[PDB]
Amino acid sequence: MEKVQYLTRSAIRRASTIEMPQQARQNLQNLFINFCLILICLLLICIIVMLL
Amino acid sequence: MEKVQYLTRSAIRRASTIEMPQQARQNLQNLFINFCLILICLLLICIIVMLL
Amino acid sequence: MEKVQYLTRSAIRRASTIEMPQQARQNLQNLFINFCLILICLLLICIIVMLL
Amino acid sequence: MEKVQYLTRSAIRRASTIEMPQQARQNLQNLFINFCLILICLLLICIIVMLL
Amino acid sequence: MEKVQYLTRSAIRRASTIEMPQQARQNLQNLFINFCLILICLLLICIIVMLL
């Protein structure tokens, strides 16, 4: 129980996410669009591999 | 009638959309471009499934 | 002639385009990239239909 | 020689590129990303023509 | 050893990366998104070449 509580606290303690302050929504856009494009890039590679 | 009016008010009351103030059009861009990229990603998956 | 002049003025009067001031080039980017994506999204659908 | 020098000066004089000041890297992003998207759109049309 | 240390220092000395200050995360987005799109464009060309 206390171990779980500490584990949860430890997990949160371990967890950390940081982005630009002024350019926050810019960073969020980098985080979103690149992730999508990167997924597509990787997908196209699979399309290319299959096609090959 | 009054029920409909209240329902409309309740619907509006329930409705809520929020984005970054300074980075508003950035957030709108995140909202627009990611949605379109995400659609392409999903549509590439359809192509991939159909290819497979 | 005067009718054409008024028509031109009327057309200009009817014409109106507005975007965010501070986030102008952001809005222009939304206007440009989404249009390109959205076109491709629609063009992927054409490929999907043709694939189907 | 002097003609070439003047021609170089004239070429530079003719040459002119302008983008938003505050939204410079935004404009550069519009310039880069849209160009690449536009290329993909055109290249999808080539795929579509070839699909048909 | 000292040569390696100097080489490391020289490598760092040679190494240099610069982007817009205010439009930093914008520049990082240009750096990320264009790189992905450019890769996709190049990968579409591969698809086009194969298809042809």
# chains A, B, ... in the order shown; residues from 1 in each chain; ligands from 1

$ closest_atom_pairs --of "chain D" --to "chain C" --cutoff "8 Å" --atoms "only C-alpha atoms" --output "tab-separated table"
residue	atom	partner	partner_atom	distance
D:20	CA	C:25	CA	7.2
D:23	CA	C:25	CA	6.0
D:26	CA	C:25	CA	6.1
D:27	CA	C:25	CA	6.1
D:29	CA	C:29	CA	8.0
D:30	CA	C:29	CA	5.5
D:33	CA	C:33	CA	7.3
D:34	CA	C:33	CA	5.6
D:37	CA	C:36	CA	6.1
D:38	CA	C:36	CA	6.3
D:41	CA	C:40	CA	5.9
D:44	CA	C:40	CA	7.4
D:45	CA	C:43	CA	7.8
D:48	CA	C:47	CA	6.8
D:51	CA	C:47	CA	7.5

$ write_last_selection --atoms "N, CA and C atoms" --output "short mmCIF file (atom, residue, chain, number, x, y, z; two decimals), in the first residue's frame"
data_model
loop_
_atom_site.label_atom_id
_atom_site.label_comp_id
_atom_site.auth_asym_id
_atom_site.auth_seq_id
_atom_site.Cartn_x
_atom_site.Cartn_y
_atom_site.Cartn_z
N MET D 20 8.09 38.44 -43.74
CA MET D 20 7.66 39.11 -42.49
C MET D 20 8.86 39.27 -41.52
N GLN D 23 7.70 37.58 -37.92
CA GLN D 23 7.30 36.23 -38.35
C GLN D 23 8.20 35.78 -39.52
N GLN D 26 8.73 32.06 -39.58
CA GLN D 26 7.39 31.53 -39.90
C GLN D 26 7.27 31.51 -41.41
N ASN D 27 7.66 32.65 -42.01
CA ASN D 27 7.64 32.85 -43.44
C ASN D 27 8.60 31.89 -44.12
N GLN D 29 9.38 29.05 -42.88
CA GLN D 29 8.70 27.76 -42.73
C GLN D 29 7.62 27.61 -43.81
N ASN D 30 6.89 28.72 -44.09
CA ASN D 30 5.86 28.73 -45.13
C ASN D 30 6.54 28.45 -46.47
N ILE D 33 8.08 24.43 -46.02
CA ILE D 33 7.07 23.36 -45.88
C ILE D 33 6.07 23.35 -47.04
N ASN D 34 5.51 24.52 -47.40
CA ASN D 34 4.53 24.57 -48.50
C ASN D 34 5.17 24.13 -49.81
N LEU D 37 5.31 20.45 -49.63
CA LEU D 37 3.93 19.89 -49.70
C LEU D 37 3.40 19.99 -51.14
N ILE D 38 3.61 21.18 -51.71
CA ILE D 38 3.22 21.51 -53.09
C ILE D 38 3.89 20.51 -54.05
N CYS D 41 2.08 17.26 -53.61
CA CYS D 41 0.77 17.38 -54.24
C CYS D 41 0.89 17.14 -55.75
N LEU D 44 1.77 13.66 -56.39
CA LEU D 44 0.62 12.76 -56.18
C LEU D 44 -0.23 12.79 -57.44
N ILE D 45 -0.31 13.98 -58.07
CA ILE D 45 -1.06 14.16 -59.31
C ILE D 45 -0.41 13.28 -60.38
N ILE D 48 -1.45 9.89 -59.57
CA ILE D 48 -2.88 9.80 -59.94
C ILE D 48 -3.05 9.60 -61.45
N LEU D 51 -1.94 6.34 -62.07
CA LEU D 51 -2.90 5.41 -61.44
C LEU D 51 -4.03 5.16 -62.43
#

$ calpha_fit_rmsd --fixed "chain A" --moving "chain E"
0.1 Å

$ select_by_dssp --residues "chain A" --states "helix (DSSP H, G or I)" --output "PyMOL selection string"
chain A and resi 2-14+24-51

$ atom_distance --atom1 "CA of residue 16 in chain D" --atom2 "CA of residue 4 in chain D"
19.5 Å

$ atom_distance --atom1 "CA of residue 1 in chain B" --atom2 "CA of residue 15 in chain B"
20.6 Å

$ decode --residues "range 28-51 of chain B" --atoms "N, CA and C atoms" --output "PDB file, in the first residue's frame"
ATOM      1  N   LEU B  28      -4.447  26.690 -33.493  1.00  0.00           N
ATOM      2  CA  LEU B  28      -5.386  26.453 -34.583  1.00  0.00           C
ATOM      3  C   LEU B  28      -4.661  25.668 -35.670  1.00  0.00           C
ATOM      4  N   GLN B  29      -3.365  25.982 -35.900  1.00  0.00           N
ATOM      5  CA  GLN B  29      -2.551  25.274 -36.887  1.00  0.00           C
ATOM      6  C   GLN B  29      -2.343  23.820 -36.442  1.00  0.00           C
ATOM      7  N   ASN B  30      -2.121  23.625 -35.121  1.00  0.00           N
ATOM      8  CA  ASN B  30      -1.955  22.279 -34.552  1.00  0.00           C
ATOM      9  C   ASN B  30      -3.257  21.508 -34.770  1.00  0.00           C
ATOM     10  N   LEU B  31      -4.368  22.209 -34.516  1.00  0.00           N
ATOM     11  CA  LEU B  31      -5.714  21.668 -34.664  1.00  0.00           C
ATOM     12  C   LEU B  31      -6.009  21.276 -36.124  1.00  0.00           C
ATOM     13  N   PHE B  32      -5.575  22.116 -37.073  1.00  0.00           N
ATOM     14  CA  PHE B  32      -5.835  21.879 -38.498  1.00  0.00           C
ATOM     15  C   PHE B  32      -4.855  20.877 -39.135  1.00  0.00           C
ATOM     16  N   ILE B  33      -3.554  21.208 -39.090  1.00  0.00           N
ATOM     17  CA  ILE B  33      -2.519  20.392 -39.751  1.00  0.00           C
ATOM     18  C   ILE B  33      -2.435  18.974 -39.180  1.00  0.00           C
ATOM     19  N   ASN B  34      -2.405  18.819 -37.846  1.00  0.00           N
ATOM     20  CA  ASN B  34      -2.314  17.477 -37.244  1.00  0.00           C
ATOM     21  C   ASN B  34      -3.520  16.648 -37.616  1.00  0.00           C
ATOM     22  N   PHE B  35      -4.707  17.266 -37.599  1.00  0.00           N
ATOM     23  CA  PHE B  35      -5.945  16.569 -37.966  1.00  0.00           C
ATOM     24  C   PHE B  35      -5.826  15.998 -39.391  1.00  0.00           C
ATOM     25  N   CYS B  36      -5.325  16.836 -40.311  1.00  0.00           N
ATOM     26  CA  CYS B  36      -5.129  16.444 -41.707  1.00  0.00           C
ATOM     27  C   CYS B  36      -4.014  15.394 -41.858  1.00  0.00           C
ATOM     28  N   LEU B  37      -2.934  15.527 -41.074  1.00  0.00           N
ATOM     29  CA  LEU B  37      -1.811  14.553 -41.102  1.00  0.00           C
ATOM     30  C   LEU B  37      -2.277  13.182 -40.551  1.00  0.00           C
ATOM     31  N   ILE B  38      -2.998  13.290 -39.435  1.00  0.00           N
ATOM     32  CA  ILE B  38      -3.580  12.132 -38.736  1.00  0.00           C
ATOM     33  C   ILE B  38      -4.531  11.408 -39.698  1.00  0.00           C
ATOM     34  N   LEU B  39      -5.336  12.164 -40.447  1.00  0.00           N
ATOM     35  CA  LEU B  39      -6.234  11.586 -41.441  1.00  0.00           C
ATOM     36  C   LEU B  39      -5.416  10.824 -42.502  1.00  0.00           C
ATOM     37  N   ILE B  40      -4.305  11.449 -42.974  1.00  0.00           N
ATOM     38  CA  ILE B  40      -3.439  10.837 -43.998  1.00  0.00           C
ATOM     39  C   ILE B  40      -2.809   9.557 -43.423  1.00  0.00           C
ATOM     40  N   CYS B  41      -2.349   9.632 -42.158  1.00  0.00           N
ATOM     41  CA  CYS B  41      -1.718   8.492 -41.480  1.00  0.00           C
ATOM     42  C   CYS B  41      -2.696   7.316 -41.448  1.00  0.00           C
ATOM     43  N   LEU B  42      -3.928   7.629 -41.031  1.00  0.00           N
ATOM     44  CA  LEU B  42      -5.012   6.645 -40.949  1.00  0.00           C
ATOM     45  C   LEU B  42      -5.352   6.106 -42.338  1.00  0.00           C
ATOM     46  N   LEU B  43      -5.347   6.998 -43.341  1.00  0.00           N
ATOM     47  CA  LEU B  43      -5.647   6.619 -44.717  1.00  0.00           C
ATOM     48  C   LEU B  43      -4.481   5.836 -45.342  1.00  0.00           C
ATOM     49  N   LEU B  44      -3.239   6.050 -44.847  1.00  0.00           N
ATOM     50  CA  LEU B  44      -2.069   5.294 -45.317  1.00  0.00           C
ATOM     51  C   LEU B  44      -2.170   3.876 -44.774  1.00  0.00           C
ATOM     52  N   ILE B  45      -2.672   3.768 -43.520  1.00  0.00           N
ATOM     53  CA  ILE B  45      -2.870   2.479 -42.869  1.00  0.00           C
ATOM     54  C   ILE B  45      -3.883   1.676 -43.689  1.00  0.00           C
ATOM     55  N   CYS B  46      -4.942   2.361 -44.164  1.00  0.00           N
ATOM     56  CA  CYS B  46      -5.948   1.718 -45.000  1.00  0.00           C
ATOM     57  C   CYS B  46      -5.288   1.200 -46.287  1.00  0.00           C
ATOM     58  N   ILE B  47      -4.385   2.026 -46.864  1.00  0.00           N
ATOM     59  CA  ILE B  47      -3.634   1.656 -48.085  1.00  0.00           C
ATOM     60  C   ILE B  47      -2.716   0.449 -47.780  1.00  0.00           C
ATOM     61  N   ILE B  48      -2.058   0.510 -46.608  1.00  0.00           N
ATOM     62  CA  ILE B  48      -1.148  -0.547 -46.140  1.00  0.00           C
ATOM     63  C   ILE B  48      -1.893  -1.871 -45.957  1.00  0.00           C
ATOM     64  N   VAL B  49      -3.063  -1.803 -45.315  1.00  0.00           N
ATOM     65  CA  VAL B  49      -3.911  -2.986 -45.071  1.00  0.00           C
ATOM     66  C   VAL B  49      -4.370  -3.551 -46.421  1.00  0.00           C
ATOM     67  N   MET B  50      -4.803  -2.648 -47.285  1.00  0.00           N
ATOM     68  CA  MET B  50      -5.274  -2.989 -48.638  1.00  0.00           C
ATOM     69  C   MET B  50      -4.103  -3.513 -49.507  1.00  0.00           C
ATOM     70  N   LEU B  51      -2.871  -3.024 -49.234  1.00  0.00           N
ATOM     71  CA  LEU B  51      -1.687  -3.440 -49.949  1.00  0.00           C
ATOM     72  C   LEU B  51      -1.305  -4.844 -49.505  1.00  0.00           C
TER      73      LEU B  51
END
